[PDB]
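A short write-up of the structure that comes next.
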Amino acid sequence: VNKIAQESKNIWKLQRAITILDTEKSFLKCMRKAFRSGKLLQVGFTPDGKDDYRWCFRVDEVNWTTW
Amino acid sequence: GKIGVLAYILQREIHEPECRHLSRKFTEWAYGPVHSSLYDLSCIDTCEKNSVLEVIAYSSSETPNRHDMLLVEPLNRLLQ
Amino acid sequence: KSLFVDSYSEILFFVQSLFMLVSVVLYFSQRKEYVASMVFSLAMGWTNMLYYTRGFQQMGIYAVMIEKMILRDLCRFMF
Amino acid sequence: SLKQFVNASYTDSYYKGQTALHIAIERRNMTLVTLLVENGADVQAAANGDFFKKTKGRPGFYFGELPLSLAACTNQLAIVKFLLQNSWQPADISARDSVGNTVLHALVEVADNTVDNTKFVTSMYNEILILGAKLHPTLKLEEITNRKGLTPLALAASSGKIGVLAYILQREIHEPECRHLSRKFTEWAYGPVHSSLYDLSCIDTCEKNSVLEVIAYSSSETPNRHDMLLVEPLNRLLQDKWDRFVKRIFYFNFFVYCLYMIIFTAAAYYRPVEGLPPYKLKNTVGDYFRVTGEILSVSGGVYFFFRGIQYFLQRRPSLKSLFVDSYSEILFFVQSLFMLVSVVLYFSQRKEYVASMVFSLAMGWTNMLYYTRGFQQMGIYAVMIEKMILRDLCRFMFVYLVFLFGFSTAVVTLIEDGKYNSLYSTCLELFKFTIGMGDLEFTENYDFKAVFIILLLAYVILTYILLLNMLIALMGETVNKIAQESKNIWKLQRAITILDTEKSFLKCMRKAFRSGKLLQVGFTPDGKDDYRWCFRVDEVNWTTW
Amino acid sequence: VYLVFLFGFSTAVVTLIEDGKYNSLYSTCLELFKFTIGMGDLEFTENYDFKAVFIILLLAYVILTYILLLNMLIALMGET
Ligand SMILES: CCCCCCCCCCCCC(=O)O[C@@H](COC(=O)CCC)COP(=O)(O)O[C@H]1[C@H](O)[C@@H](O)[C@@H](O)[C@@H](O)[C@@H]1O
Ligand SMILES: CCCCCCCCCCCCC(=O)O[C@@H](COC(=O)CCC)COP(=O)(O)O[C@H]1[C@H](O)[C@@H](O)[C@@H](O)[C@@H](O)[C@@H]1O
Ligand SMILES: CCCCCCCCCCCCCCCC(=O)O[C@H](COC(=O)CCCCCC)COP(=O)(O)OCCN
Ligand SMILES: CCCCCCCCCCCCCCCC(=O)O[C@H](COC(=O)CCCCCC)COP(=O)(O)OCCN
C-alpha cells in the first residue's frame, strides 16, 4: 500500500476513462451533445486564405511570473 | 506508449509566422496573470478510427505507460 | 492472454451471468442443483457491486488497492 | 474637448467601466499611463463589469476595480507610485470599490499562498503602507473595513491567506516616519538575547473580527484553517492563555462532567425492575438517592440540550458544515436527545425508556474522550482516532458490509428450513468470523455441503484474510501521513475551547486580557504616544551581532 | 481510551440487563473484555428485553474497540 498510491490513482483514472468512453459509445439516443469543447477559430489563417476551426478545449491558467 | 512524444504533440505551440497553424495549443486571451489556453482536440476526442483516448484506453496491457498517458494535460482535463 | 490479465470486471460479470443461465437450465431440467448455481451468482452479484466504486475517487482508489492486494500479496501468501 | 474622449469606457455589462487607463496599466506601458494622466484621465474610474468580479463559475480577474488597485495587483510599483503622487491627478489611496475593498483588501484577495505571489503581494502591501504614511500620516488604512466589515487583516484571516497574515502579524518597518506601521518591535537586546514585542491589536480582542475568533470559528471551507494558528504570535498567545487562565476551568469542567456521568451511571445501574413506569418512591435512603440521581441526570440532559441549541443558533451552520464539522456538538446534543426521549417514555408509562437511557449512557462515556483535548498526547491520540474513523473505518465498512450482506444472502438462500434460515441469524453468524469466533460448521440444514463450504471459505478469504489485514495496512499508511495534521487539528480544538471559556467566563473577570499595555514607540505621526497591549517574546541569536 | 470504552459499554449493557446471572459490572466487564481476545460470545445472555438494543450496543462496542482501536494500536506501534 505504501508503493501503489500513485499507481492506484492512475489505474482508477484509466478505469473511469474506460467507463466514459463506453458510455459515450453506447449513448442509446443518437445524442450529439456528447461532442464537447466547442468549435473555435484558432488562427483564421491557414497556409491559404481559409480560416481554421478546430474544436478547441479551453483551459484557464494563472501565473505570477513572466508578466 | 511513447509518453514523451505524446506530451510534446498534444500541447505543441509554435511561435513564428507561417508555422502558427502547426500548433495544437493556442493562447486566446491574456489579461494580467490570467490567460486562457486552447488545446486542439482534433483526433483526441473523436476521429475516424484512432482517437487518442480510444487508443490509450483500449490498449492491449503490454503498452509501457498506458496508465501514465492519461496524465498528459488536455486528456485528464477533458475526461473530467 | 489479455482476456485474463486484463478486464477482470468483464469476466466477473460474464461469469455471474453464466451461473444464472446454468441455474435456469438446471431449474427447467428438474434438478435441485440449480440452487447451487443460483447462490454462486447471487454471491458474485454482490461483490460485483464493487465495480461501481469507480466514479467515486476515494472508493475507486480503494477498490484498485484491493485488486492489487489480491493479485500480489494474497496470491503469494496463499501459495 | 478631450476629457470625454480620454475617459471613454465600455458600457456593456461585461467589461463595464474599463477605460484606456486600465488598458494602459494592464499592458505595463508607463508612457501611455503618463500620457493618459496628463490629458485628464479619471484615475478613479471603477471597472465593475462582470469580467472584473470574483465569479467562481466564469473566467475573470478581480483586482479591486480601480486603476491603483490594478497597478498594485499586477506588481507594478512604479505605476502605483506615479498614480499616488503625480502632479495632474493623484489617486485616492483610501478609495473603495463596489465591494468596499480598498487596495489592501484587493491585495489580500489576489493572494493565493504561492511563493512568488506571496513575495510580491507582501512587498506591494508594504510599499503601499509606506506611501500611505508619507502622503496621509493621519490615515489608518488597515482599519478601513469593506462592506462585510472585514479589515485587510480580518479578510486575510478569514480567507486563509496564510502568507499575507504571517507577513502582517510580525511586520517590522525600520525607517523614520514609518516605525508606527510596524507590528513587531524589538524592545531591548543585550547580548545575543533580545526581547521582541508583537502588537496584539485586533488579535486577542476587538469589536467584531478578532483574528483568533475568525480563524477558530472559520466555516471549515477555509484553505489553511488548521495551519494559520502556527503563525508565531498566535501559537505563543494561545499557549499563554491556556496556561494562565483556561487550564483550571477546563479541568473543572472535566471533573464536573465526570461526576455527572458517575451519578448517571449509578442511577441507571440501580433502576427498579417492576413494570409500568413511573415508580412510587419508597421511604428508604437508597431510593431517595436514586430519585435524586434521576433528577440530576435529566437536569444534565436538559443542560446539554439547550447548550446544543445555543451552539446551533449562534453559529448557524449551513446544513453541510453542520455535519462535516463540529462532531462533538452533535454527539453531546444526541446524548441529550436520548436523555429527553427517555424522560418522555418514562412518564408516558412505557418500558422503552430503558432502551433510550442506556444509549445516552453509552454515548456519555464515549463523550469523555472530548476532554482528551487539553492534554497533548491524549489530544493527538483522540484526533487520530477521529481521522481513522472518518477515513479508513468508513471506507472499510462500506466494502465489508457489502461483502457481508452478499455472502449472507447467498448462504441463507442455500439453507432451507433450519434454525438459522433467516437473514439476521446468518448475517450475525458470518459476522462472528470477523471477531475470530466463526463456527464454519454452524448448520447442516442444506443440500450441497461443498457449496456451503466454498461460500464460507470465499467469505473468510475475502473479509478476514484480505480486508482486515488490508485495513491494518491502510491505517498504518494513514497514521504516517497525519502526524502534523493531527497536531494542528488538536491545537485548533484547544483554541476553540479557549475562546469558548473566555466568552463564557462565569465571573465578569477582565484578567483574560493578557500581554499588558506597553508604550511601544511613544511617537505616533502626531505627538501622541502609542500604547498597544504588546506580547513579549524573548529570542536568542548567535548570528548578526 | 480502551478502558473508558470498556467501562462505558459495560455499564450500558448491565443497565439493560435485568435480574440475570451477569447483572453486575464485574461479569459484564469481563464478558466484554473477551471480545478483545477474540472470544466474545455476542449473545452471552438473553435476560433483557429489546434484543435489538443489546445487539446494537455490542456491535457498537465491537466496532469501536476491536475493529478500530486495536488495529489503530498496531498502526501506532508501526509508527513508533
Ligand atoms: C464467489 C465470489 C467471487 C468474487 C471474487 C472477486 C472478489 C472481488 C470482486 C471485485 C469486483 C471488482 C471488479 O470488477 O474487478 C476489479 C478487479 O477484480 C479482481 O481483481 C479480481 C481478481 C480475481 C477491477 O476490474 P477492472 O476491469 O476494472 O481491472 C482493471 C482494468 O480496468 C484496467 O484496464 C487495467 O487493466 C487494470 O490492470 C485492471 O486491473
Ligand atoms: C452508541 C455509541 C455511538 C458513539 C459514536 C461516537 C464514537 C466516538 C466517540 C469519541 C468522542 C469524541 C468526540 O466527542 O468528538 C470527536 C469526533 O468524533 C467523531 O468524529 C465521531 C465520528 C462519527 C471530535 O469532534 P470535534 O468537535 O472536535 O470535531 C473537529 C472540530 O471541532 C474541529 O474544528 C475541526 O473542524 C475538525 O475537522 C473536526 O473533526
Ligand atoms: C483490561 C481490563 C479488563 C477488565 C477485566 C474485567 C475486570 C474489571 C472489573 C472491575 C469492575 C469492578 C470490579 C468489582 C470487583 C467485584 O466486586 O467482583 C468480585 C470479583 O472480584 C475479583 O475478581 C477482582 C477482579 C480483579 C480486577 C483486576 C483488574 C465478585 O464478583 P463475582 O461476580 O465474580 O462473584 C459472584 C459469585 N456469586
Ligand atoms: C457490522 C455488521 C454486523 C451485522 C450484525 C447482524 C445484524 C445485521 C442484521 C441485518 C439483516 C436484517 C435483519 C432483519 C431484522 C429482523 O427482522 O430480525 C429480527 C431482529 O431484529 C434485530 O435484531 C435488529 C438488529 C439490529 C441491526 C444492527 C445493524 C427478529 O428476528 P429473530 O431471528 O432474531 O427472532 C425470531 C425468533 N422467532
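Residue names in the C-alpha cells use chain letters A, B, ... in the order shown, residue numbers from 1 in each chain, and ligand numbers from 1 in the order shown.
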
Neighbours of ligand 4 at 6 Å or closer, counting only C-alpha atoms and all ligand atoms: which residues, as an mmCIF file with C-alpha atoms, in the first residue's frame?
data_model
loop_
_atom_site.group_PDB
_atom_site.id
_atom_site.type_symbol
_atom_site.label_atom_id
_atom_site.label_comp_id
_atom_site.auth_asym_id
_atom_site.auth_seq_id
_atom_site.Cartn_x
_atom_site.Cartn_y
_atom_site.Cartn_z
ATOM 1 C CA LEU D 423 -31.146 -13.110 7.105
ATOM 2 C CA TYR D 424 -30.468 -11.834 10.608
ATOM 3 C CA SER D 425 -29.163 -15.105 12.033
ATOM 4 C CA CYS D 427 -25.646 -12.283 8.971
ATOM 5 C CA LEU D 428 -24.684 -12.476 12.630
ATOM 6 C CA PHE D 431 -20.102 -11.522 11.363
ATOM 7 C CA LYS E 51 -32.655 -7.579 21.912
ATOM 8 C CA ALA E 52 -32.137 -5.045 19.141
ATOM 9 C CA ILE E 56 -26.719 -2.643 18.768
#

Mind dumping a table of every chain B residue within 10 Å of chain A, with the nearest atom pair and its distance in Å to one decimal, using only C-alpha atoms, sorted by chain and rising number, as JSON lines?
{"residue": "B:18", "atom": "CA", "partner": "A:47", "partner_atom": "CA", "distance": 6.9}
{"residue": "B:19", "atom": "CA", "partner": "A:47", "partner_atom": "CA", "distance": 8.6}
{"residue": "B:20", "atom": "CA", "partner": "A:43", "partner_atom": "CA", "distance": 7.5}
{"residue": "B:21", "atom": "CA", "partner": "A:46", "partner_atom": "CA", "distance": 6.1}
{"residue": "B:22", "atom": "CA", "partner": "A:46", "partner_atom": "CA", "distance": 9.3}
{"residue": "B:23", "atom": "CA", "partner": "A:42", "partner_atom": "CA", "distance": 9.5}
{"residue": "B:24", "atom": "CA", "partner": "A:56", "partner_atom": "CA", "distance": 8.9}
{"residue": "B:25", "atom": "CA", "partner": "A:56", "partner_atom": "CA", "distance": 8.7}
{"residue": "B:26", "atom": "CA", "partner": "A:42", "partner_atom": "CA", "distance": 7.1}
{"residue": "B:27", "atom": "CA", "partner": "A:42", "partner_atom": "CA", "distance": 9.0}
{"residue": "B:28", "atom": "CA", "partner": "A:42", "partner_atom": "CA", "distance": 8.1}
{"residue": "B:29", "atom": "CA", "partner": "A:60", "partner_atom": "CA", "distance": 9.7}
{"residue": "B:30", "atom": "CA", "partner": "A:61", "partner_atom": "CA", "distance": 9.3}
{"residue": "B:32", "atom": "CA", "partner": "A:67", "partner_atom": "CA", "distance": 7.3}
{"residue": "B:33", "atom": "CA", "partner": "A:63", "partner_atom": "CA", "distance": 5.1}
{"residue": "B:34", "atom": "CA", "partner": "A:62", "partner_atom": "CA", "distance": 4.5}
{"residue": "B:35", "atom": "CA", "partner": "A:61", "partner_atom": "CA", "distance": 5.4}
{"residue": "B:36", "atom": "CA", "partner": "A:60", "partner_atom": "CA", "distance": 4.2}
{"residue": "B:37", "atom": "CA", "partner": "A:59", "partner_atom": "CA", "distance": 5.2}
{"residue": "B:38", "atom": "CA", "partner": "A:58", "partner_atom": "CA", "distance": 4.7}
{"residue": "B:39", "atom": "CA", "partner": "A:57", "partner_atom": "CA", "distance": 5.1}
{"residue": "B:40", "atom": "CA", "partner": "A:56", "partner_atom": "CA", "distance": 4.6}
{"residue": "B:41", "atom": "CA", "partner": "A:56", "partner_atom": "CA", "distance": 5.7}
{"residue": "B:42", "atom": "CA", "partner": "A:54", "partner_atom": "CA", "distance": 6.5}
{"residue": "B:45", "atom": "CA", "partner": "A:35", "partner_atom": "CA", "distance": 7.8}
{"residue": "B:46", "atom": "CA", "partner": "A:35", "partner_atom": "CA", "distance": 8.1}
{"residue": "B:53", "atom": "CA", "partner": "A:21", "partner_atom": "CA", "distance": 8.0}
{"residue": "B:54", "atom": "CA", "partner": "A:21", "partner_atom": "CA", "distance": 7.3}
{"residue": "B:56", "atom": "CA", "partner": "A:14", "partner_atom": "CA", "distance": 8.8}
{"residue": "B:57", "atom": "CA", "partner": "A:18", "partner_atom": "CA", "distance": 5.8}
{"residue": "B:58", "atom": "CA", "partner": "A:18", "partner_atom": "CA", "distance": 7.7}
{"residue": "B:66", "atom": "CA", "partner": "A:14", "partner_atom": "CA", "distance": 8.4}
{"residue": "B:67", "atom": "CA", "partner": "A:10", "partner_atom": "CA", "distance": 5.5}
{"residue": "B:68", "atom": "CA", "partner": "A:10", "partner_atom": "CA", "distance": 6.5}
{"residue": "B:69", "atom": "CA", "partner": "A:10", "partner_atom": "CA", "distance": 9.1}
{"residue": "B:70", "atom": "CA", "partner": "A:14", "partner_atom": "CA", "distance": 7.2}
{"residue": "B:71", "atom": "CA", "partner": "A:10", "partner_atom": "CA", "distance": 7.9}
{"residue": "B:73", "atom": "CA", "partner": "A:59", "partner_atom": "CA", "distance": 9.8}
{"residue": "B:74", "atom": "CA", "partner": "A:57", "partner_atom": "CA", "distance": 7.9}
{"residue": "B:75", "atom": "CA", "partner": "A:17", "partner_atom": "CA", "distance": 9.7}
{"residue": "B:76", "atom": "CA", "partner": "A:13", "partner_atom": "CA", "distance": 8.5}
{"residue": "B:77", "atom": "CA", "partner": "A:59", "partner_atom": "CA", "distance": 8.4}
{"residue": "B:78", "atom": "CA", "partner": "A:57", "partner_atom": "CA", "distance": 7.7}
{"residue": "B:79", "atom": "CA", "partner": "A:17", "partner_atom": "CA", "distance": 6.5}
{"residue": "B:80", "atom": "CA", "partner": "A:17", "partner_atom": "CA", "distance": 8.8}

Q: For region 302-306 of chain D, please output as a PyMOL selection string all residues within 12 Å (counting only C-alpha atoms; exclusion window: fewer than 6 positions along the same chain).
A: chain D and resi 257+260+295-296+312-314+328-343+360+364

Next, dump the selected residues to file, keeping only N, CA, C and O atoms, as a short mmCIF file (atom, residue, chain, number, x, y, z; two decimals), in the first residue's frame.
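Dumped to out-v3.cif:
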data_model
loop_
_atom_site.label_atom_id
_atom_site.label_comp_id
_atom_site.auth_asym_id
_atom_site.auth_seq_id
_atom_site.Cartn_x
_atom_site.Cartn_y
_atom_site.Cartn_z
N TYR D 257 -18.21 17.02 34.58
CA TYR D 257 -18.81 16.04 33.68
C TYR D 257 -18.56 14.63 34.18
O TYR D 257 -19.42 13.76 34.04
N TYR D 260 -21.06 13.99 36.84
CA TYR D 260 -22.37 13.79 36.25
C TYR D 260 -22.49 12.39 35.68
O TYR D 260 -23.51 11.72 35.86
N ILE D 295 -33.07 12.92 38.84
CA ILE D 295 -33.30 14.34 38.58
C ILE D 295 -32.03 14.99 38.07
O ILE D 295 -32.06 15.81 37.15
N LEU D 296 -30.89 14.67 38.68
CA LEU D 296 -29.63 15.26 38.24
C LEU D 296 -29.29 14.83 36.81
O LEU D 296 -28.81 15.64 36.01
N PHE D 312 -26.18 25.90 17.87
CA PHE D 312 -26.75 25.94 16.53
C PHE D 312 -27.19 27.35 16.15
O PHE D 312 -26.86 27.85 15.07
N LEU D 313 -27.95 28.00 17.03
CA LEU D 313 -28.46 29.33 16.73
C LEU D 313 -27.34 30.35 16.63
O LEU D 313 -27.39 31.25 15.79
N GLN D 314 -26.33 30.25 17.49
CA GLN D 314 -25.25 31.23 17.46
C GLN D 314 -24.40 31.08 16.21
O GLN D 314 -24.05 32.08 15.58
N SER D 328 -18.36 17.01 17.95
CA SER D 328 -18.55 16.95 19.39
C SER D 328 -19.88 17.56 19.80
O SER D 328 -20.58 17.04 20.68
N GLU D 329 -20.26 18.68 19.17
CA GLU D 329 -21.56 19.26 19.46
C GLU D 329 -22.68 18.30 19.10
O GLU D 329 -23.63 18.13 19.87
N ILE D 330 -22.56 17.64 17.96
CA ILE D 330 -23.59 16.69 17.54
C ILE D 330 -23.69 15.55 18.54
O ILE D 330 -24.79 15.13 18.91
N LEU D 331 -22.55 15.03 18.98
CA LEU D 331 -22.56 13.89 19.89
C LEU D 331 -23.17 14.25 21.23
O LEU D 331 -24.02 13.52 21.74
N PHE D 332 -22.74 15.36 21.82
CA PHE D 332 -23.32 15.76 23.10
C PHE D 332 -24.80 16.08 22.95
O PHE D 332 -25.61 15.74 23.82
N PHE D 333 -25.17 16.70 21.83
CA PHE D 333 -26.58 17.00 21.61
C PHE D 333 -27.40 15.73 21.49
O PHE D 333 -28.50 15.65 22.05
N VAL D 334 -26.90 14.74 20.75
CA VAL D 334 -27.63 13.49 20.58
C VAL D 334 -27.74 12.75 21.91
O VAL D 334 -28.74 12.08 22.18
N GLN D 335 -26.70 12.84 22.74
CA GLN D 335 -26.80 12.28 24.08
C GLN D 335 -27.96 12.91 24.83
O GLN D 335 -28.78 12.21 25.45
N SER D 336 -28.05 14.23 24.77
CA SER D 336 -29.13 14.90 25.48
C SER D 336 -30.49 14.52 24.90
O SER D 336 -31.46 14.38 25.65
N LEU D 337 -30.58 14.36 23.58
CA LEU D 337 -31.84 13.95 22.98
C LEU D 337 -32.25 12.56 23.45
O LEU D 337 -33.44 12.32 23.70
N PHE D 338 -31.30 11.64 23.56
CA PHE D 338 -31.65 10.32 24.09
C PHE D 338 -32.13 10.44 25.52
O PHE D 338 -33.09 9.77 25.91
N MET D 339 -31.50 11.31 26.31
CA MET D 339 -31.97 11.51 27.68
C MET D 339 -33.40 12.02 27.71
O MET D 339 -34.24 11.52 28.46
N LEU D 340 -33.71 13.01 26.87
CA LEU D 340 -35.04 13.60 26.91
C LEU D 340 -36.10 12.62 26.41
O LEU D 340 -37.19 12.53 26.99
N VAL D 341 -35.81 11.88 25.35
CA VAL D 341 -36.76 10.89 24.88
C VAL D 341 -36.97 9.83 25.94
O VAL D 341 -38.07 9.30 26.11
N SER D 342 -35.91 9.50 26.68
CA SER D 342 -36.06 8.58 27.79
C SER D 342 -37.00 9.15 28.84
O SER D 342 -37.83 8.42 29.40
N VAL D 343 -36.91 10.45 29.11
CA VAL D 343 -37.82 11.08 30.07
C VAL D 343 -39.26 10.95 29.60
O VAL D 343 -40.17 10.59 30.37
N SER D 360 -28.01 6.84 25.78
CA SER D 360 -27.40 8.05 26.28
C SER D 360 -26.22 7.71 27.16
O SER D 360 -25.12 8.24 26.97
N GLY D 364 -22.50 8.91 26.68
CA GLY D 364 -21.89 9.75 27.69
C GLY D 364 -20.47 9.33 27.96
O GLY D 364 -19.56 10.15 27.90
#

- Item | Shell of 10 Å around ligand 3 (only C-alpha atoms and all ligand atoms), written as a PyMOL selection string | chain E and resi 2-3+6-7+10-11+21-34+36

Check every residue of chain D for an atom within 8 Å of chain A, counting only C-alpha atoms, and provide those that qualify as a short mmCIF file (atom, residue, chain, number, x, y, z; two decimals) with N, CA and C atoms, in the first residue's frame.
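Done, and the output landed in out07.cif:
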data_model
loop_
_atom_site.label_atom_id
_atom_site.label_comp_id
_atom_site.auth_asym_id
_atom_site.auth_seq_id
_atom_site.Cartn_x
_atom_site.Cartn_y
_atom_site.Cartn_z
N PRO D 59 -14.77 32.74 -16.17
CA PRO D 59 -13.44 33.35 -16.17
C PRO D 59 -13.51 34.82 -15.81
N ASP D 116 5.99 32.93 -5.06
CA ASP D 116 6.21 34.17 -5.79
C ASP D 116 5.09 35.16 -5.55
N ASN D 117 3.85 34.67 -5.54
CA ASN D 117 2.72 35.55 -5.30
C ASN D 117 2.78 36.14 -3.90
N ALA D 473 -3.08 -2.37 7.25
CA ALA D 473 -2.08 -1.73 6.39
C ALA D 473 -2.47 -0.30 6.05
N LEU D 474 -3.74 -0.07 5.75
CA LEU D 474 -4.18 1.26 5.38
C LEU D 474 -4.14 2.22 6.56
N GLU D 477 -0.67 3.25 6.89
CA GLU D 477 -0.35 4.31 5.94
C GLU D 477 -0.90 5.64 6.41
#
